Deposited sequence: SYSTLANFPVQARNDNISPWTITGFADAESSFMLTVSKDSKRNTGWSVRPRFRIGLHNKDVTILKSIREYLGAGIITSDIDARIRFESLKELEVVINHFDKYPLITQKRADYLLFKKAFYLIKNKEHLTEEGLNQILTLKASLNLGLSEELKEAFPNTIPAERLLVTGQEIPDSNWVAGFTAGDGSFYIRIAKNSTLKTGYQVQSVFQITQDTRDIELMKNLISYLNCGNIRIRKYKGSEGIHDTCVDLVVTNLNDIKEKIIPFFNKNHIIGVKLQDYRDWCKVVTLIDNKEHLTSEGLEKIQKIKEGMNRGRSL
């Protein structure tokens, strides 16, 4: 059974809080307003959604071109709010969450069915994710966006948060570099990685302190990566950590193979031709190459 912090960590990675405001002649305000919480994944990781569903006792799961769990009814959203209030997000999504939560409150008390309250919802939507479309701006032209919590000073709340977070955005891959200065002609490196928009670089920096290893990389996305390449950071920090705090989803299979390769590297078989072929074959069966 999945840990609650794993869910929050995973949601920090993969979830979305949304407000849809659509024109509807049949409603008294002329508008339909609704809050949503959703996670969407590749079909192959539907099992993650089911584990989440069994835990919260709520949510509607669908599978078509992708896999989704959604919370749209007030009862379902209440479950969502109770959880994240209890196990709070620590990425910038907390600010999206807080906007979302205010809208939810407005709707529960039926203030969205009035014009003033309707107007209030849009200021929240205006500051939520991608904000108001031009069209929504036109219909509600003088909307001033609600205050957004700038999220700062967040401590890693729990080891299972990291596991959930890494299961969404994290990566375990084996890096092979063509390099004539090596006998085999290639360097082999086991790599652990977390990718995130630079808006949360502080958090990534916090994750490095928390795991006591890794470097910060700013690319040429505008995304930042946490990267661990040090062999005995991997051996003595990363692998023991994720052994206790389990990766979920297909990536768990990737982790295990990744773990296996670290052993091979640790025994220097990568510095031999035969071992390198071994490693390549495993690598070819990991991540995107996994069928």
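Enquirer: May I ask you to mark the stretches of the deposited sequence that the structure leaves without C-alpha coordinates?
Expert: The deposited sequence has unmodelled segments at 1 to 15, 236 to 242, 244, 315.
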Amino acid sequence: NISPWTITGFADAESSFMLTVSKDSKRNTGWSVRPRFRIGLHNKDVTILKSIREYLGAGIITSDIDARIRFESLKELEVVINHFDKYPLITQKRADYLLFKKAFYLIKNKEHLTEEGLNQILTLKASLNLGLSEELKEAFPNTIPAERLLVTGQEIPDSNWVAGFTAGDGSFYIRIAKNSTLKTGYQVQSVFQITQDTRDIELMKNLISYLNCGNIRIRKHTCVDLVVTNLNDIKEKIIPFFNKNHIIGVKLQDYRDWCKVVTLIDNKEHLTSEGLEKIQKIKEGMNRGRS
From here on, numbers count along this sequence of modelled residues.
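Enquirer: Looking only at CA atoms, which has the higher mean B factor in the entry: 157 to 165 or 180 to 188?
Expert: Between 157 to 165 and 180 to 188, it is 180 to 188.
Enquirer: Using only C-alpha atoms and the B-factors in the entry, which stretch averages higher, 209 to 217 or 147 to 155?
Expert: The stretch with the larger mean CA B-factor is 147 to 155.
Enquirer: Using the entry's values, work out which of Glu116, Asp200, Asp96, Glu72 has the largest Cα B factor.
Expert: Spelled out: the listed residue with the top C-alpha B-factor is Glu116.
Enquirer: Comparing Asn287 with the other modelled residues of its chain, is its CA B-factor in the lowest, middle or highest third?
Expert: As the PDB entry reports it, the C-alpha B-factor of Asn287 lands in the middle third of its chain.
Enquirer: C-alpha B factor of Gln193, ranked within the chain: lowest, middle or highest third?
Expert: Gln193: CA B-factor falls in the lowest third of its chain.
Enquirer: Comparing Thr222 with the other modelled residues of its chain, is its CA B-factor in the lowest, middle or highest third?
Expert: Its C-alpha B-factor belongs to the highest third of this chain's values.
Enquirer: Looking at the temperature factor on the CA atom of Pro88, which third of the chain's modelled residues does it land in?
Expert: Its C-alpha B-factor belongs to the lowest third of this chain's values.
Enquirer: In terms of the CA temperature factor given in the entry, to which third of its chain does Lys125 belong: lowest, middle or highest?
Expert: Within its chain, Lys125 is a lowest-third residue by C-alpha B-factor, going by the deposited values.
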